[PDB]
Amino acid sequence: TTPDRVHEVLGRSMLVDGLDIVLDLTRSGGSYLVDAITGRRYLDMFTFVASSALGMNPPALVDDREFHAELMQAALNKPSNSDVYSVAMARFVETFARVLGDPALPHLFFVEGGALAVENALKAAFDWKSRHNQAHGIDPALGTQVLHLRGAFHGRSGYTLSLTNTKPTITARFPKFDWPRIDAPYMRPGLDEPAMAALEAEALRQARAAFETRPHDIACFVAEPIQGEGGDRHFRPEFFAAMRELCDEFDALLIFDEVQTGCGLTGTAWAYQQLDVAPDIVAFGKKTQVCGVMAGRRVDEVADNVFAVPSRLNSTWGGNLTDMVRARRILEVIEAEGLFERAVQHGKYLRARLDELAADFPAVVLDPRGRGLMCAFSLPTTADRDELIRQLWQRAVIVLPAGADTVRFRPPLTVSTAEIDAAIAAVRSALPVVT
């Protein structure tokens, strides 16, 4: 079966709503996807929805003959890492701890899938709250609710469908828990310190009210440090620092969902490191290839927590061993080539270019924003946003929509300034056409 027949074959069995190209697995490389049908090269600011750190076929992986042998050994089989340990697995875990570890969060747990990473973070919190309640003479039936934000996206699974609230298409007609949801006080243009502080104060009031009206029943607060799917909405560190204090006052865990922000994109291992707020638990995925949680801080105060008691958390495989081997090589490249720092520098460059765009097109390029390489801007209407994405597609630049009017950039950490310039050049060409 042939590149020009891929869509026909898949269309017999599935809804085929993805891209019109067929990925060439061999010829794609770095910031470029190759369409196997035409041979056209596409500039990639999409990176499999922000899940590729180094882009396609990175040289450090492709040229490493020893790694080839390690990867092949892992790829031929699929052990249940839950039950059966290997050297390949242990090397991944120690390098994950070294490169991305936080000394306050020593407990690691791996699983396949971002939604399930978040769910295990939730399960840790539910167990923790119930046991903390029990230890202090409170009914252990209490501790089952999750405080969360409007505009959140945490996944499409049983628990995360009660949290995710972006597009109705995602959650409509699926049963949900009635969990408390508060306004998201994200930064918007033309609001100064005082106006921001007032916005935050109102979310915080809603948060406090939830805690007081559902006593001992809220196990945790979950947030994305920067909301991705909801529209690259950024929050001041002050908001989360206040939430941190409020969580502690009501004995609730703070969980950061770093599935989209994590693994270097904002310029640090984790976005929370720049906000200077310490979470009790972090859910990770996408760029990490294997998904999972890191936990500690207050979690350890309950001695029989989910990380200390056998069989409270599990899955058949405990993550994909092939993903672990690939991820450990990727982490070694990040560490050796200083890619977090490269993301800070190139992220400053991308951001500066978006600021220039805003100046040249004041009524059209709205709210340029970003942290590291996680950058975005918005258009006046969703029709404009949609049209700009199509115009870029015609020019062989792949970017992603978010929310109602946002265009987001998700370049690989290895993107060059010339590649950023090419993406920006395409946007400048397309904009007069959309206006």
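When you see a residue number, it is the position in the sequence shown, counting from 1.
Q: Return whichever of 61-69 and 388-396 has the greater mean Cα B factor according to the PDB record.
A: The stretch with the larger mean CA B-factor is 61-69.
Q: Averaging only over Cα atoms, indicate whether 128-136 or 108-116 has the higher B-factor in the PDB entry.
A: Between 108-116 and 128-136, it is 128-136 that shows the higher mean C-alpha B-factor.
Q: Looking at 178, 300, 258, 332, which has the highest Cα B-factor in the entry?
A: Each of 178, 300, 258, 332 was compared by C-alpha B-factor; the highest is 178.
Q: In this PDB entry, which of 364, 293, 149, 254 has the top CA B-factor?
A: Each of 364, 293, 149, 254 was compared by C-alpha B-factor; the highest is 364.
Q: Can you tell me which third, lowest, middle or highest, the CA B-factor of residue 381 falls into for its chain?
A: For residue 381, the deposited C-alpha B-factor lands in the highest third.
Q: Could you tell me which third, lowest, middle or highest, the C-alpha B-factor of residue 345 occupies within its chain?
A: CA B-factor rank for residue 345: highest third.
Q: Using only modelled residues of the chain, where does the Cα B factor of residue 43 rank: lowest third, middle third or highest third?
A: As the PDB entry reports it, the C-alpha B-factor of residue 43 lands in the lowest third of its chain.
Q: For residue 356, return the chain-relative third of its C-alpha B-factor as stated in the PDB record: lowest, middle or highest.
A: Residue 356: CA B-factor falls in the highest third of its chain.
Q: When the modelled residues of the chain are sorted by Cα temperature factor, does residue 192 land in the lowest, middle or highest third?
A: For residue 192, the deposited C-alpha B-factor lands in the highest third.
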